[PDB]
Amino acid sequence: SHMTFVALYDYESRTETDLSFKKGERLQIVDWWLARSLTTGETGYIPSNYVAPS
Ligand SMILES: COC[C@H]1O[C@@H]2O[C@H]3[C@H](O)[C@@H](OC)[C@@H](O[C@H]4[C@H](O)[C@@H](O)[C@@H](O[C@H]5[C@H](O)[C@@H](O)[C@@H](O[C@H]6[C@H](OC)[C@@H](O)[C@@H](O[C@H]7[C@H](OC)[C@@H](OC)[C@@H](O[C@H]8[C@H](O)[C@@H](OC)[C@@H](O[C@H]1[C@H](O)[C@H]2OC)O[C@@H]8CO)O[C@@H]7CO)O[C@@H]6CO)O[C@@H]5CO)O[C@@H]4CO)O[C@@H]3CO
Ligand SMILES: [Cu+2]
């Protein structure tokens, strides 16, 4: 119930395994967490310090 987060900052993917996201984008969590964007539906790793509980 606690696994929805929101991006605090924009992030641009660096690698083939991380996920880009925009500030305010919500992420469902499945230092680096596997997440699914609730905007794009894409799944990848995000830096956990860039998101906070939503
Ligand atoms: C037009 O479709 C009719 C569809 O309408 C209703 O769905 C709503 C949905 O309820 C609503 O959600 C609140 C919103 O959807 C948004 C998603 O919630 C959000 O996650 C995001 O979606 C992402 C996906 O997460 C990504 O996965 C990706 O999707 C693309 C697929 O990549 C996996 C790609 O393959 C392709 O999808 C095809 C699909 O193959 C997987 C194909 O299935 C045969 C076909 O889908 C049919 C579907 O079978 C059928 O189901 C009964 C029906 O679906 C309706 C929902 O039932 C209804 O629910 C209320 O029609 C579909 C279309 O014919 O076609 C798919 C499209 O080609 O393409 C995917 C799109 O890129 O990327 C998306 C977008 O980021 O964003 C969603 C909204 O943009 O809206 C939905 C309707 O648009
Ligand atoms: Cu929870």
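One-based numbering along the sequence shown. No hydrogens, no waters, no symmetry mates; every other heavy atom, side chains included, goes into these values. Both counts, for ligands and for their atoms, begin at 1 and track the order of listing.
- Contact shell of ligand 1 (protein heavy atoms, cutoff 4.0 Å): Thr39, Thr40, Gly41.
- Annotation: side chain of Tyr11 is not in contact with side chain of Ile46 (no heavy-atom distance under 4.5 Å).
- When the side chain to side chain donor-acceptor pair (under 3.5 Å) test is applied to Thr43, no partner is found at least two apart in sequence or on another chain.
- Between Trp32 and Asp18 the shortest side-chain heavy-atom distance falls below 4.5 Å.
- Rounding to the nearest 0.5 angstrom, the gap separating the CG atom in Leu8 from the CG atom in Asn49 is 9.0 Å.
- Judged purely by atom type and a 3.5 angstrom limit, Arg14 uses its side chain to pair as donor or acceptor with the backbone of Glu12.
- In this structure, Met3 CE and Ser54 OG are separated by 12.0 Å, a value rounded to the nearest 0.5 Å.
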